[PDB]
Structure formats: structure tokens, C-alpha cells
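Worksheet: the structure to be examined is printed underneath.
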Amino acid sequence: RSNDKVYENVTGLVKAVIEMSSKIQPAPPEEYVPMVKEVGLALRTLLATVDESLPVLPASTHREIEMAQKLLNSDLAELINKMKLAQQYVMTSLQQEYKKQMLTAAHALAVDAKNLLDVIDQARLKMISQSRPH
């Protein structure tokens, strides 16, 4: 399997956090939250993909998708409260504390996208795993 829409969209999750990167470039803390909104739409769009991987859950994906999806649910979530936190502690010079807390968390959510990206890539391969011995 050449990593179906499953791998592609999860790449899009990272492309959503590159949105987060671009967002913060010209925009203020007001977009600290919209930028993470970009990565939130990432897991959202990903869930269209997880519904692809979902029929693959019975196939074999039930191993990955439990691990990575539950992982990213918790970590994407932290970023959406890191956008909350950043916009929650929005102060010209003091924000950076919550900024570096958002950054360190962003690295973690980057892993949640990245892990599911490969392991849901393996979801689609999980299906191949069922077709393999046939």
C-alpha cells in the first residue's frame, strides 16, 4: 500500500502545524489560538482519514489506531489549550513562558501526528496485512 489518503492527510496534520508556524509569523497572539486551530483542523481532517483507517481497524488497524489516535487526541488537545494558554497569558514579554510551554507541547503534538502518520500508514498496510496471506 502506497500510504493511502491515510498517510497523506496525517502529513496534512504537520502541514497544519506549518500553518501554525506561518500563522504566528505575521499575526499576533490573537492568532496564537487560530494557528493551533490550523492543527486542530488537522486532526479534524485526519478524522476523515481515521474513518478510512476505521474499516481497517477490524482488518488490523485496531492496534495502531488505538495507540496513535488516542495519543493524538490527548496531544492535539493540549495544543488547543496551548493556543488557549498562549491567548490565556497573552502579554507582550511575559507570554514567552506559555509560548515555550506551547512550543514544547507542539513538539509533542508533532509526534502525535507523526506517529499516527506512520502507524496509520501502517493502518492501510494493516489491510494489506490481511490480504497478504490470501
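Following the order of the C-alpha cells, chains are lettered A, B, ..., residues in each are numbered from 1, and ligands are numbered from 1.
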
Query raised in the report: Which residues, written as JSON, numbers by chain, have at least one atom at most 8 Å from residue 115 of chain A, with only C-alpha atoms counted and residues fewer than 4 positions away on the same chain left out?
Result: {"A": [68, 111, 119]}

Query - Contact residues around residue 28 of chain A with only C-alpha atoms at 10 Å, ignoring same-chain residues under 5 positions, as number ranges by chain - result: A: 23, 33, 87, 90, 92

**Report entry** Pick from A:49, A:89, A:25, A:36, whichever lies nearest to residue 103 of chain A using only C-alpha atoms
**Finding:**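 For residue 103 of chain A, the nearest of the given residues is A:36.
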
Query raised in the report: Could you pull out all residues of segment 9-112 of chain A with a DSSP call of alpha helix (DSSP H) and give them as a VMD selection string?
Result: chain A and resid 9 to 24 32 to 56 62 to 80 82 to 88 96 to 112

Go ahead and save the residues from that selection, with C-alpha atoms, as a JSON list (two decimals), in the first residue's frame.
```json
[["chain", "number", "residue", "atom", "x", "y", "z"],
["A", 9, "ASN", "CA", -3.82, 13.60, 5.43],
["A", 10, "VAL", "CA", -1.71, 12.96, 8.52],
["A", 11, "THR", "CA", 1.09, 14.63, 6.60],
["A", 12, "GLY", "CA", -1.52, 17.35, 6.27],
["A", 13, "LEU", "CA", -1.62, 17.45, 10.09],
["A", 14, "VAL", "CA", 2.01, 18.51, 10.00],
["A", 15, "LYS", "CA", 1.13, 20.83, 7.11],
["A", 16, "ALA", "CA", -1.42, 22.22, 9.53],
["A", 17, "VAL", "CA", 1.28, 22.90, 12.10],
["A", 18, "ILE", "CA", 3.34, 24.55, 9.39],
["A", 19, "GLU", "CA", 0.20, 26.69, 9.13],
["A", 20, "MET", "CA", 0.71, 27.22, 12.84],
["A", 21, "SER", "CA", 4.24, 28.33, 12.04],
["A", 22, "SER", "CA", 3.14, 30.68, 9.27],
["A", 23, "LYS", "CA", 0.20, 31.95, 11.28],
["A", 24, "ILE", "CA", 2.38, 33.18, 14.11],
["A", 32, "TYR", "CA", -1.80, 32.11, 18.59],
["A", 33, "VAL", "CA", -5.13, 30.43, 19.02],
["A", 34, "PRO", "CA", -6.11, 30.35, 15.23],
["A", 35, "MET", "CA", -2.68, 28.89, 14.44],
["A", 36, "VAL", "CA", -3.35, 25.95, 16.71],
["A", 37, "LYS", "CA", -6.82, 26.00, 15.15],
["A", 38, "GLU", "CA", -4.92, 25.11, 12.00],
["A", 39, "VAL", "CA", -3.54, 21.97, 13.73],
["A", 40, "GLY", "CA", -6.98, 21.35, 15.21],
["A", 41, "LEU", "CA", -8.43, 21.23, 11.72],
["A", 42, "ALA", "CA", -5.56, 18.81, 11.14],
["A", 43, "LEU", "CA", -6.93, 16.16, 13.49],
["A", 44, "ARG", "CA", -10.42, 17.06, 12.20],
["A", 45, "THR", "CA", -9.43, 16.36, 8.58],
["A", 46, "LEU", "CA", -7.47, 13.40, 9.95],
["A", 47, "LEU", "CA", -10.72, 12.01, 11.31],
["A", 48, "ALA", "CA", -11.98, 11.74, 7.75],
["A", 49, "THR", "CA", -8.86, 9.63, 7.29],
["A", 50, "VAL", "CA", -9.42, 7.70, 10.54],
["A", 51, "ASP", "CA", -12.80, 6.71, 9.12],
["A", 52, "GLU", "CA", -10.78, 5.23, 6.27],
["A", 53, "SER", "CA", -8.41, 3.60, 8.71],
["A", 54, "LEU", "CA", -11.51, 2.65, 10.77],
["A", 55, "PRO", "CA", -12.70, -0.17, 8.40],
["A", 56, "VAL", "CA", -9.04, -1.05, 8.56],
["A", 62, "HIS", "CA", -7.25, -1.58, 15.75],
["A", 63, "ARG", "CA", -3.72, -1.92, 17.13],
["A", 64, "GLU", "CA", -2.37, 1.39, 15.75],
["A", 65, "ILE", "CA", -5.42, 3.47, 15.84],
["A", 66, "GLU", "CA", -5.98, 2.74, 19.49],
["A", 67, "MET", "CA", -2.38, 3.75, 20.25],
["A", 68, "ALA", "CA", -1.82, 6.72, 17.93],
["A", 69, "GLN", "CA", -5.35, 8.15, 17.70],
["A", 70, "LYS", "CA", -5.83, 8.11, 21.48],
["A", 71, "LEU", "CA", -2.34, 9.56, 21.70],
["A", 72, "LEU", "CA", -3.05, 12.42, 19.29],
["A", 73, "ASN", "CA", -6.46, 13.03, 20.80],
["A", 74, "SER", "CA", -4.69, 13.87, 24.04],
["A", 75, "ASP", "CA", -1.82, 15.79, 22.43],
["A", 76, "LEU", "CA", -3.63, 17.79, 19.72],
["A", 77, "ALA", "CA", -5.92, 18.65, 22.63],
["A", 78, "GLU", "CA", -3.02, 20.06, 24.64],
["A", 79, "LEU", "CA", -2.10, 22.27, 21.74],
["A", 80, "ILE", "CA", -5.63, 23.59, 21.54],
["A", 82, "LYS", "CA", -1.72, 25.81, 24.36],
["A", 83, "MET", "CA", -3.39, 28.20, 21.96],
["A", 84, "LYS", "CA", -5.79, 28.74, 24.78],
["A", 85, "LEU", "CA", -2.87, 29.06, 27.23],
["A", 86, "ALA", "CA", -0.93, 31.40, 24.92],
["A", 87, "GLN", "CA", -4.01, 33.55, 24.40],
["A", 88, "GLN", "CA", -4.67, 33.00, 28.10],
["A", 96, "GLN", "CA", 7.02, 33.64, 26.26],
["A", 97, "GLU", "CA", 6.72, 31.41, 29.34],
["A", 98, "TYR", "CA", 3.45, 30.00, 27.97],
["A", 99, "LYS", "CA", 4.97, 30.25, 24.50],
["A", 100, "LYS", "CA", 7.78, 27.82, 25.35],
["A", 101, "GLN", "CA", 5.20, 25.65, 27.08],
["A", 102, "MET", "CA", 3.19, 25.72, 23.88],
["A", 103, "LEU", "CA", 6.33, 25.04, 21.83],
["A", 104, "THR", "CA", 7.40, 22.05, 23.94],
["A", 105, "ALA", "CA", 3.84, 20.78, 23.70],
["A", 106, "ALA", "CA", 3.76, 21.49, 19.96],
["A", 107, "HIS", "CA", 6.76, 19.20, 19.62],
["A", 108, "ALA", "CA", 4.71, 16.55, 21.40],
["A", 109, "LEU", "CA", 1.66, 17.02, 19.17],
["A", 110, "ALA", "CA", 4.04, 16.97, 16.22],
["A", 111, "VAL", "CA", 4.85, 13.46, 17.46],
["A", 112, "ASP", "CA", 1.15, 12.56, 17.71]]
```

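If you look at atom CA of residue 132 of chain A and atom CA of residue 8 of chain A, they are 22.6 Å away from each other.
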
Report task. Kindly give the distance, in Å, that separates atom CA of residue 131 of chain A and atom CA of residue 113 of chain A, rounded to a single decimal. Result -> 26.5 Å

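Put simply, atom CA of residue 7 of chain A is 13.7 Å away from atom CA of residue 127 of chain A.
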